[PDB]
Amino acid sequence: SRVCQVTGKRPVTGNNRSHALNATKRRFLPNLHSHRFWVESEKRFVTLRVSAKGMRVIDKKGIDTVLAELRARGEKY
Amino acid sequence: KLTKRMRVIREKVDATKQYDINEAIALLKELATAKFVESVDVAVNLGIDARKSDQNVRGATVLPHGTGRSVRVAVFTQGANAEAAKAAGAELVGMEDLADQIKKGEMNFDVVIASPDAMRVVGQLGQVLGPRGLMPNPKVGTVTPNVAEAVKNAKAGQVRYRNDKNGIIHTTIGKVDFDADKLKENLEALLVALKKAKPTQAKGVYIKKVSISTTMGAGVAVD
Amino acid sequence: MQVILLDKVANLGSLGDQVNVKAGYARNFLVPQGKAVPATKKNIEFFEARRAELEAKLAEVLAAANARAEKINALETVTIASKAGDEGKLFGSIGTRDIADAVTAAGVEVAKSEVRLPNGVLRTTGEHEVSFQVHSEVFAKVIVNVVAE
RNA sequence: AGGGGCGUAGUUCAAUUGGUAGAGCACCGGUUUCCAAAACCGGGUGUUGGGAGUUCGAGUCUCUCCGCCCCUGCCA
RNA sequence: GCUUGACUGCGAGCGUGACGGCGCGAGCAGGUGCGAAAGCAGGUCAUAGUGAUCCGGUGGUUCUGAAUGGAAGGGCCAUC
RNA sequence: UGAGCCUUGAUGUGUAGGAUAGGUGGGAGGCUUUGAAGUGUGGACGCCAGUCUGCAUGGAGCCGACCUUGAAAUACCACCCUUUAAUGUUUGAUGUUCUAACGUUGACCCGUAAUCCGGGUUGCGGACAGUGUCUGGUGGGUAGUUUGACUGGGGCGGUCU
RNA sequence: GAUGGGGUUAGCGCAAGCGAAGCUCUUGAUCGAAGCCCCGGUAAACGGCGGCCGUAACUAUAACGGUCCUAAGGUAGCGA
RNA sequence: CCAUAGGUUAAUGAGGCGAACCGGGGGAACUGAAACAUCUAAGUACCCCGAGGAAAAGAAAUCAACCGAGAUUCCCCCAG
Ligand SMILES: [Mg+2]
Ligand SMILES: [Mg+2]
Ligand SMILES: [Mg+2]
Ligand SMILES: [Mg+2]
Ligand SMILES: [Mg+2]
Ligand SMILES: [Mg+2]
């Protein structure tokens, strides 16, 4: 499903407003993108479904550090 | 193209950048390079544009330092005001005879002052005095019952100003030989009067730029 | 996205030059191709450490260069003899082989290559001025006395 | 509301852009031919919506007094 | 002819409405105008010319001001 | 190839006239082998009336200055205004040459007894496409509703203070 | 987020007041595509195919029109 | 090419059921407003996930107001 593998961002629900404030249910989905991240230690490309906000944290945290937290959650690669 | 006289003028002043009053007045004193004594020529640009009728400004200011610019005063008045005008030093005082002298072409005066009763006679001179801007106007204080004061107030260094179509102010604070400190006071006194004259609707910086120049001198910006 | 260069990528500079550059550029190109590494505190200290390491290496190779230099520069004149060369017509030359051993004197070894013999191949007999180049910037000097057999 | 726009002879529409408002067709005349009609002219048609400024002087620029507009816009 | 009473604060007592309300009012206080004064003037001979509340806008105001000093906002007055 | 300013050059005919006489002061000056006037095309533009000055030539002349003219002059200056032209400064708009993101429902290899999927190789495309947030337009495609009362029944007509 | 307006206060002022810097409330210059306005095309696209006036050797009628509305006013064929 | 993916064993663990209570992910409409859009109904009904005997919450970047209080939960007031 539409879940970020780094930040865990998932679709959330809200209201479409209007000039009359009429509220209709809607969904907010993350800005997810499938990207192939280069992991130096394995000298390989690993593809991750990440949000645009997740991309920013990868530079700040390091490619190895973020993957270590994902392994704590436990998943396939 | 440019001669040596003109090139040294622009070499002394670099007008591409702004200058402060202290520096500007120093530059003005070094720009006085002419055979005859020069007069400071004001070059102040107003953000407000006279293209709107109601935004026009007419004003007057008496300067203690003075300018030196000829101040021969012709006065249109009768009775006690004629004696008071003569006692105040008016060079010419009369009514119909002086108006007819003006019609005959005797224009040996620089400033006309009229009493409101004399406006009937001065109105006939509108074809002559109007195009030259010599016509007395109440908004500049040259139409007053206190004729003696208007003759006084003038004489020394009373200066006039009227906005043009391009919304620019071209007055004269005084002669170039005047001391820098006095000239700074002269322009400063002028500047406060302009602030009072400013209207309200004008949604723009009252002054678009302040510059000073002499007869052949370059324009130095004032800050 | 601060990153420390590892080579002379385009106009960014040369190896070892931290420069500010748009995130995407390095996030996917410099690093997955190995052309650079983020100049992060941790990485930058290692970088500067390696830098200073090689810097002290250069210092030593040039420090030990002046060592060899002085060792043989100050006098250290040689007078080894070999073939039937005497005076007048010194007959044969002294070349890379014998000369190296001479100045070495079983000690100050100077490679036969460095034995830069400027004045031809030193055929005439007499005082001769021979220089050595222990290091590229070091300009060493030696005097050689040739004597008969 | 806010930003662009327009109101010249009975017929509409050009302009000038401060100095200087024509053409259109309708009408009456005059030409043209042996004669008619068509054509070609003369000419009678105006305050440039209106009002006031600015001006040496503006139908022209400005302020606008409005009508008629196109775009756009707001919870008594 | 001269003027701004088309005044401000009030108001005994009444009228008419289910009510919201609407209408009339001598007199009182402060300041006016016209009269020499007595006096008259709180719009127009009278009865139609009109729209509640909420919300928002404007001016005024020592009323309020979420620790305190301000301020925002609110209240009151004038008013759209 | 855009739109800016910055500076510079150039541009200012209702007319009278000096006439290619912006705007406003300053201004009696002006003015100058440093190229006096000149003289020769540097002139291009323009009203073809005029204007500025490749540069060479000559060496002190040059010019506020009537009249009308708004009017006194690209004789005099700040420097600006219009017509602008070049010049310096900034965002973008397409086009292209890329690959490295990304795409491949192109080929090939492997997982593999596999027209899925994944990985690899390669080709093509490529900073597009596509997707997310925000946003303008469109949208009976799909919803939630409204669509008054009096009234010789109702509607229609009329009426509502 | 150009510019302008407010709030606050370091400070200066007997205090009236002024007001640095910072923070903050707001004003919205500039940029900005489609769309709309605008310019064309398209009816085996959805659709539309009227009035007025004059005019044939008698009348009549109006081809021959003219005129207005309009975008343009019904052809062939058929028709109580 | 190492590797990696993959593959084969061996150990453990989980699978389902069950009343309500609990936490979380989704989430109405009828109705009320004497209509009806904001609003109400209602984060209710319902669906889904997970856990326990309880769950959840919990040891101040909390309140107070210049005095002080000292985690969370629950009850009565404050208070319609
Ligand atoms: Mg009356
Ligand atoms: Mg309903
Ligand atoms: Mg009914
Ligand atoms: Mg029948
Ligand atoms: Mg209801
Ligand atoms: Mg248990």
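Per the deposited record, cryo-EM is how this structure was determined, to a resolution of 5.32 Å.

Novice: Help me understand the overall build of chain A in this model?
Specialist: When you go through chain A residue by residue, the secondary structure sums to two helices and four strands. Moving toward the C terminus, one meets the helices and strands of chain A in the order β-β-β-β-α-α. Its C-alpha atoms give chain A a radius of gyration of 16 Å, more than 25% over the compact-globule value 11 Å for 77 residues. The dimensions of chain A, computed from C-alpha atoms along their principal axes, are 55 × 20 × 15 Å. Counting across all 77 residues of chain A, residues that qualify as buried make up 23%. Roughly 5,900 Å² of accessible area belongs to chain A as shown, and the carbon and sulfur atoms make up 50% of that amount. Put simply, chain A has 18 plus and 6 minus side-chain charges, and the middle of one group is 14 Å from the middle of the other.

Novice: Just checking my understanding: could you explain helix α2 (residues 63-73) of chain A for this structure?
Specialist: One full turn of an α-helix is made of 3.6 residues, so residues set three or four places apart face in the same direction. Residue and element names in this part refer to chain A. Of the positions making up α2, those classed as buried are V66, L67 and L70. On an axial view of α2, the arc spanned by its buried residues comes to 95°, and they lie on one face. Within α2, the exposed residues directed more than 90 degrees away from the buried face are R71 and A72. Elements that come into contact with the buried residues of α2 comprise β4 (44-51) and α1 (52-61). Of the residues trailing α2, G74 is marked for its positive phi of about 90°.

Novice: Sorry if this is basic, but what is going on with the interface of chain A and chain C here?
Specialist: Accessible area lost on assembly of the parts is the figure often given for the size of an interface. Opposite the six residues of chain A that make contact, chain C presents six residues. Of the roughly 550 Å² buried where chain A meets chain C, counting both sides, 55% is carbon and sulfur surface. A:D59 is the partner of C:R27 in a salt bridge, and the nearest nitrogen-oxygen pair spans 3.5 Å. Taken together, chain A and chain C are joined by two residue pairs in polar contact. Within the residue set of the side of chain A that touches chain C, elements represented by two or more residues are β3 (32-39) and α1 of chain A. Grouping the amino acids of the side of chain A that touches chain C by side-chain chemistry returns three nonpolar, one polar and two charged.

Novice: Looking at this model, I keep getting lost on the sheet that holds strand β8 (residues 209-213) of chain B. Mind explaining?
Specialist: Residues and elements named next belong to chain B. Ordered in space as β7-β1-β8-β9, the four strands form an open sheet in which the pairing is antiparallel. Each edge of the sheet is formed by a strand with only one pairing partner; in this case those strands are β7 (168-169) and β9 (220-221). Pairing of strand β1 (residues 41-45) with β8 involves five bridges; the strand directions are antiparallel. Residue pairing across strands places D41 opposite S213, the latter belonging to β8.

Novice: Is there a simple way to think about the packing of aromatic side chains in this case?
Specialist: The description of an aromatic ring pair uses the distance of the two centres, along with the angle that the planes make with each other. Residue and element names in this part refer to chain C. Counted according to the given criterion, the structure contains two aromatic pairs over all chains. On the basis of an interplanar angle of 90° and a centroid distance of 5.9 Å, the ring pair of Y25 and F29 is categorised as edge-to-face. Of this pair, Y25 and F29 are both found in helix α1 (residues 23-30), four residues apart, which corresponds to roughly one turn of the helix. In this structure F29 comes out as partly exposed when scored by relative accessible area, which is 31%.

Novice: Any chance you could explain the pattern of salt bridges here in plain terms?
Specialist: A side chain with one charge can pair with a side chain of the opposite charge if their charged atoms come near. Under the counting rule described, the total for this entry stands at 12 salt bridges over all chains. Among the salt bridges present, the one from B:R10 reaches B:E11, with a minimum N-O distance of 3.4 Å. Among the residues examined, B:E11 registers a relative accessible area of 59% and is labelled exposed. A network of salt bridges, in which partner residues are shared, links C:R50, C:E53 and C:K57.

Novice: Would you explain the packing of α1(A) against α2(A) in this entry?
Specialist: Angle between the axes and distance between the axes: these two values describe a pair of packed helices. Residues and elements named next belong to chain A. Where α1 contacts α2, the axes come no closer than 6 Å and their chain directions differ by 115°. Compared by their axis directions, α1 and α2 come out roughly perpendicular. Contacts between α1 and α2 pair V57, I58 and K61 from the former with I63, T65 and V66 from the latter. Residue composition of the contact of α1 with α2, by class: four nonpolar, one polar and one charged.

Novice: It is not clear to me how the sheet that holds strand β4 (residues 92-94) of chain B should be interpreted in this structure. Could you clarify?
Specialist: One key point about sheets: their strands pair by backbone hydrogen bonds, in either a parallel or an antiparallel sense. Residues and elements named next belong to chain B. Pairing is parallel across the open sheet formed by three strands, whose spatial order is β4-β3-β5. The sheet is open, and its two edges are formed by β4 and β5 (111-114), each paired on a single side. Strand-to-strand twist in this sheet, taken as the mean axis angle between neighbours without regard to direction, amounts to 15°. In the sheet, strand β3 (residues 73-76) pairs with β5 via four bridges, with the strands oriented parallel. Its bridge partner being in β5, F76 is matched across the sheet by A114.

Novice: I keep staring at a positive patch on the surface and nothing clicks. Help me out?
Specialist: Together, A:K9, A:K53, A:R56, A:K60 and A:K61 line one region of the surface with positive charge. Inspection of the secondary structure assignment puts A:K53 in helix α1.

Analysis parameters
- Residues numbered from 1 in each chain as written, not as in the entry; some residues may be left out.
- Chains lettered and ligands numbered in written order.
- Part of a larger assembly, values for the part shown.
- Heavy atoms only, no water.
- Helix = DSSP H or I, 4+ residues; strand = E, 2+ residues; numbered from the N terminus.
- Rg over C-alpha atoms; globule rule 2.2 N^0.38 Å.
- Buried < 20%, exposed > 50% of the residue type's maximum accessible area, 1.4 Å probe, protein only.
- Areas by Shrake-Rupley, 256 points an atom, 1.4 Å probe, with all protein chains shown as cover.
- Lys, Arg positive; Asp, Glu negative; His and termini not counted.
- Charge placed at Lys NZ, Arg CZ, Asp CG, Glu CD.
- Arc of directions from axis to C-beta.
- Contact = heavy atoms within 4.5 Å.
- Buried area = accessible area lost by both parts, 1.4 Å probe.
- Salt bridge = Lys/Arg side-chain N within 4 Å of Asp/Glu carboxyl O.
- Polar contact = N/O pair within 3.5 Å; in protein donor to acceptor, adjacent residues only side chain to side chain.
- Nonpolar A, V, L, I, M, F, W, Y, C, P; charged D, E, K, R; others polar.
- Pairing = 2+ DSSP bridges.
- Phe/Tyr/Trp six-rings, centres within 6.5 Å; stacked < 30°, edge-to-face > 60°.
- Axes fitted to C-alpha atoms, helices over the stretch in contact; angles between N-to-C directions.
- Parallel < 35°, antiparallel > 145°, perpendicular 65-115°, else oblique.
- Patch = residues over 30% accessible without salt bridge, like charges linked within 9 Å, V, L, I, M, F, W, Y side chains within 5 Å.

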